[PDB]
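A.B. asks: Experimental structure and sequence below.
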Amino acid sequence: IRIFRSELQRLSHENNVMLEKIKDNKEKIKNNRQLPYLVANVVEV
Amino acid sequence: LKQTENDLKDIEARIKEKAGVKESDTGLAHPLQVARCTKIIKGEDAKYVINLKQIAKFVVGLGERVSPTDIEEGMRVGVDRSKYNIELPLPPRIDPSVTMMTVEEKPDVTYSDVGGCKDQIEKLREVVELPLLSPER
């Protein structure tokens, strides 16, 4: 019952820690994700 | 010695010609066979980088927006292989590739046989000259 007080504040503070980390690690990835790269072909599953 | 002193103003203007090259200085240094650039550093989707050659064949499904701001890098982007249209940023597209074309100027030929060509030449005039006079008809 009383756990939800500090649990809701902790889970909401992790939005930038978990979800936004996908786009936070893209700082150096997006520059590589930009079209000026070398393409490839997948020859094996 | 005209060419000797012509380069005096040309070499000084070569830097002015290089000023247009100063836009993209990467990759060292309009008819084209196939569209080719170096890495296309300039460039839904924002940037557009496509090249067809023995190395790094590229393809993009989207387009028709301004990434590059007109010419970029190798300056050759546009129609080749068909299938490929970069239009929106002032294209150098649909341009003659390496080929053999015979183009001359003023093929001057006077009248030869008017005997049976009286109304026969008029049929030739109705081909080319006719739409160039009164197209409203």
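C.D. replies: Sure thing, it's come through. Numbers count the residues shown, from 1 in each chain, chains lettered A, B, ... in the order given.

A.B. asks: and residue B:52, how far is that from chain A?
C.D. replies: 12 Å (CB to the nearest CB, to the nearest Å). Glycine gets a C-beta too; all of them are placed from N, C-alpha and C.

A.B. asks: What count of nearby residues applies to residue B:51?
C.D. replies: 21 (other CB atoms under 10 Å in any protein chain shown).

A.B. asks: same thing with residue B:67?
C.D. replies: Around residue B:67 there are 17 residues (other CB under 10 Å).

A.B. asks: who's in contact with it?
C.D. replies: B:42, B:43, B:46, B:47, B:48, B:89 (CB atoms under 8 Å, 6 or more residues apart in numbering or on different chains).

A.B. asks: Of these, which are in range of chain A?
C.D. replies: Contacts with chain A are made by B:43, B:47, B:48 out of the contacts of residue B:67, judged by CB under 8 Å from any CB of the partner chain.

A.B. asks: Output the longest helix belonging to chain B.
C.D. replies: Determined from DSSP state H, the single longest helix within chain B is helix B:2-21.

A.B. asks: Can you spell out which helices and strands pack onto it?
C.D. replies: Applying 3 or more CB pairs under 8 Å, 6 or more residues apart in numbering or on different chains; DSSP states H and E, we find helix B:2-21 packed against no helix or strand.

A.B. asks: List the contacts of it.
C.D. replies: Taking CB under 8 Å, 6+ apart as the rule, helix B:2-21 contacts residue B:29.

A.B. asks: hang on, the earlier thing: between the contacts of residue B:67, which sits nearest residue B:27?
C.D. replies: residue B:42 (10.6 Å; CB to CB).

A.B. asks: Quick check: phi and psi at the closest residue to the closest one other than its chain neighbours.
C.D. replies: Once flanking residues are discounted, residue B:42 sits nearest to residue B:72: 4.0 Å by CB to CB, 6 or more residues apart in numbering or on different chains. The phi/psi pair for residue B:72 (degrees, to the nearest 10) reads phi -140, psi 140.

A.B. asks: what's the neighbour count on residue B:72?
C.D. replies: 22.

A.B. asks: same check, this time on residue A:34
C.D. replies: 13.

A.B. asks: correct me, but it touches residue B:45?
C.D. replies: No: Residue A:34 is beyond contact range of residue B:45, at 10.4 Å (criterion: CB atoms under 8 Å).
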